[PDB]
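Coordinates as given in coords_17.pdb (PDB, C-alpha atoms):
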ATOM      1  CA  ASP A   1       2.887  -4.645 -10.382  1.00  0.00           C
ATOM      2  CA  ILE A   2       4.760  -3.807  -7.144  1.00  0.00           C
ATOM      3  CA  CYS A   3       2.007  -1.358  -6.151  1.00  0.00           C
ATOM      4  CA  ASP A   4      -0.469  -4.204  -6.474  1.00  0.00           C
ATOM      5  CA  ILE A   5       2.014  -6.403  -4.572  1.00  0.00           C
ATOM      6  CA  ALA A   6       1.870  -3.800  -1.756  1.00  0.00           C
ATOM      7  CA  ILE A   7      -1.952  -3.864  -2.040  1.00  0.00           C
ATOM      8  CA  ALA A   8      -2.023  -7.680  -1.766  1.00  0.00           C
ATOM      9  CA  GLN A   9       0.358  -7.393   1.173  1.00  0.00           C
ATOM     10  CA  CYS A  10      -1.555  -4.281   2.344  1.00  0.00           C
ATOM     11  CA  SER A  11       1.859  -2.898   3.290  1.00  0.00           C
ATOM     12  CA  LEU A  12       2.748   0.771   3.687  1.00  0.00           C
ATOM     13  CA  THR A  13       6.506   0.110   3.437  1.00  0.00           C
ATOM     14  CA  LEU A  14       6.055  -1.747   0.154  1.00  0.00           C
ATOM     15  CA  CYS A  15       3.838   1.151  -1.024  1.00  0.00           C
ATOM     16  CA  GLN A  16       7.000   3.300  -1.032  1.00  0.00           C
ATOM     17  CA  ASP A  17       8.108   1.155  -4.016  1.00  0.00           C
ATOM     18  CA  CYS A  18       4.928   2.257  -5.843  1.00  0.00           C
ATOM     19  CA  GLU A  19       4.958   5.187  -8.275  1.00  0.00           C
ATOM     20  CA  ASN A  20       1.847   6.860  -6.850  1.00  0.00           C
ATOM     21  CA  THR A  21       2.886   6.234  -3.237  1.00  0.00           C
ATOM     22  CA  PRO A  22       0.058   8.080  -1.329  1.00  0.00           C
ATOM     23  CA  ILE A  23      -2.542   6.575  -3.700  1.00  0.00           C
ATOM     24  CA  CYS A  24      -1.000   3.180  -2.885  1.00  0.00           C
ATOM     25  CA  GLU A  25      -1.161   4.111   0.820  1.00  0.00           C
ATOM     26  CA  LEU A  26      -4.828   5.134   0.444  1.00  0.00           C
ATOM     27  CA  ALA A  27      -5.812   1.991  -1.476  1.00  0.00           C
ATOM     28  CA  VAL A  28      -3.886  -0.109   1.071  1.00  0.00           C
ATOM     29  CA  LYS A  29      -5.962   1.447   3.882  1.00  0.00           C
ATOM     30  CA  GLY A  30      -8.828   0.614   1.493  1.00  0.00           C
ATOM     31  CA  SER A  31      -7.829  -3.071   1.467  1.00  0.00           C
ATOM     32  CA  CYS A  32      -6.831  -3.582   5.142  1.00  0.00           C
ATOM     33  CA  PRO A  33      -7.877  -1.613   8.253  1.00  0.00           C
ATOM     34  CA  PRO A  34      -5.154   0.667   9.730  1.00  0.00           C
ATOM     35  CA  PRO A  35      -2.815   0.184  11.462  1.00  0.00           C
ATOM     36  CA  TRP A  36      -1.742  -2.787   9.327  1.00  0.00           C
ATOM     37  CA  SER A  37      -0.431  -6.249  10.192  1.00  0.00           C
TER      38      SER A  37
END

Once you've parsed the file, please lay out its structure as structure tokens.
Amino acid sequence: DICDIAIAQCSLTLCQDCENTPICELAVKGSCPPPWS
């Protein structure tokens, strides 16, 4: 789903589409080192 899209993309903007936004944000930092590409 779009959250997982954001996780693939490791994208904080796209995480704002995701229901559990900060959990998306956290997992995204999980998947790619901050700050992001």

Fewer than 3 positions away in the same chain doesn't count, so skip those; otherwise give me all residues within 8 Å of residue 31 of chain A, counting all atoms listed in the file, as a PDB file with C-alpha atoms, in the frame of the given file.
ATOM      1  CA  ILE A   7      -1.952  -3.864  -2.040  1.00  0.00           C
ATOM      2  CA  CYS A  10      -1.555  -4.281   2.344  1.00  0.00           C
ATOM      3  CA  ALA A  27      -5.812   1.991  -1.476  1.00  0.00           C
ATOM      4  CA  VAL A  28      -3.886  -0.109   1.071  1.00  0.00           C
TER       5      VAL A  28
END

TODO: Considering all atoms listed in the file, state which residue in the set A:1, A:37, A:13, A:8 is at the smallest distance from residue 25 of chain A.
DONE: A:13

- [ ] For each of A:29, A:36, A:14, A:23, take the minimum atom-to-atom distance to residue 2 of chain A, counting all atoms listed in the file, then give the residue where this is smallest.
- [x] A:14

Within 7 Å of residue 15 of chain A, counting all atoms listed in the file, which residues qualify if same-chain residues fewer than 5 places away don't, as an mmCIF file with C-alpha atoms, in the coordinates of the input?
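Once written, result-v8.cif looks like this:
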data_model
loop_
_atom_site.group_PDB
_atom_site.id
_atom_site.type_symbol
_atom_site.label_atom_id
_atom_site.label_comp_id
_atom_site.auth_asym_id
_atom_site.auth_seq_id
_atom_site.Cartn_x
_atom_site.Cartn_y
_atom_site.Cartn_z
ATOM 1 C CA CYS A 3 2.007 -1.358 -6.151
ATOM 2 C CA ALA A 6 1.870 -3.800 -1.756
ATOM 3 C CA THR A 21 2.886 6.234 -3.237
ATOM 4 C CA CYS A 24 -1.000 3.180 -2.885
ATOM 5 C CA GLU A 25 -1.161 4.111 0.820
#

Kindly output segment 6-24 of chain A as a compact mmCIF listing (two decimals), keeping the file's coordinate frame, after building N, CA and C atoms.
# COMPACT_ATOMS: atom_id res chain seq x y z
N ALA A 6 2.10 -4.50 -3.01
CA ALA A 6 1.87 -3.80 -1.76
C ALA A 6 0.40 -3.86 -1.36
N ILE A 7 -0.52 -3.78 -2.31
CA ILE A 7 -1.95 -3.86 -2.04
C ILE A 7 -2.37 -5.27 -1.59
N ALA A 8 -1.82 -6.31 -2.21
CA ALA A 8 -2.02 -7.68 -1.77
C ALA A 8 -1.54 -7.82 -0.33
N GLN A 9 -0.33 -7.31 -0.10
CA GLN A 9 0.36 -7.39 1.17
C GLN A 9 -0.27 -6.43 2.19
N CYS A 10 -1.04 -5.47 1.70
CA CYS A 10 -1.56 -4.28 2.34
C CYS A 10 -0.46 -3.75 3.27
N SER A 11 0.60 -3.25 2.65
CA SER A 11 1.86 -2.90 3.29
C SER A 11 2.25 -1.47 2.93
N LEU A 12 2.31 -0.59 3.93
CA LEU A 12 2.75 0.77 3.69
C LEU A 12 4.22 0.85 3.30
N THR A 13 5.12 0.03 3.87
CA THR A 13 6.51 0.11 3.44
C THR A 13 6.61 -0.20 1.95
N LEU A 14 6.01 -1.32 1.54
CA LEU A 14 6.06 -1.75 0.15
C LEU A 14 5.39 -0.70 -0.74
N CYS A 15 4.44 0.09 -0.22
CA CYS A 15 3.84 1.15 -1.02
C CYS A 15 4.88 2.18 -1.44
N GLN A 16 5.95 2.36 -0.68
CA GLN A 16 7.00 3.30 -1.03
C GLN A 16 7.77 2.86 -2.28
N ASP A 17 7.62 1.61 -2.72
CA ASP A 17 8.11 1.16 -4.02
C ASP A 17 7.21 1.72 -5.12
N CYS A 18 5.93 1.92 -4.83
CA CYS A 18 4.93 2.26 -5.84
C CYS A 18 5.08 3.69 -6.32
N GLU A 19 4.91 3.89 -7.63
CA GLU A 19 4.96 5.19 -8.28
C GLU A 19 4.08 6.19 -7.52
N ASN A 20 2.77 5.95 -7.48
CA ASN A 20 1.85 6.86 -6.85
C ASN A 20 1.68 6.48 -5.39
N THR A 21 2.77 6.60 -4.64
CA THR A 21 2.89 6.23 -3.24
C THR A 21 1.64 6.55 -2.38
N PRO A 22 1.21 7.81 -2.19
CA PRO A 22 0.06 8.08 -1.33
C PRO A 22 -1.24 7.44 -1.85
N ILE A 23 -1.38 7.26 -3.16
CA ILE A 23 -2.54 6.58 -3.70
C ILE A 23 -2.46 5.09 -3.34
N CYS A 24 -1.25 4.52 -3.39
CA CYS A 24 -1.00 3.18 -2.88
C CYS A 24 -1.37 3.10 -1.41
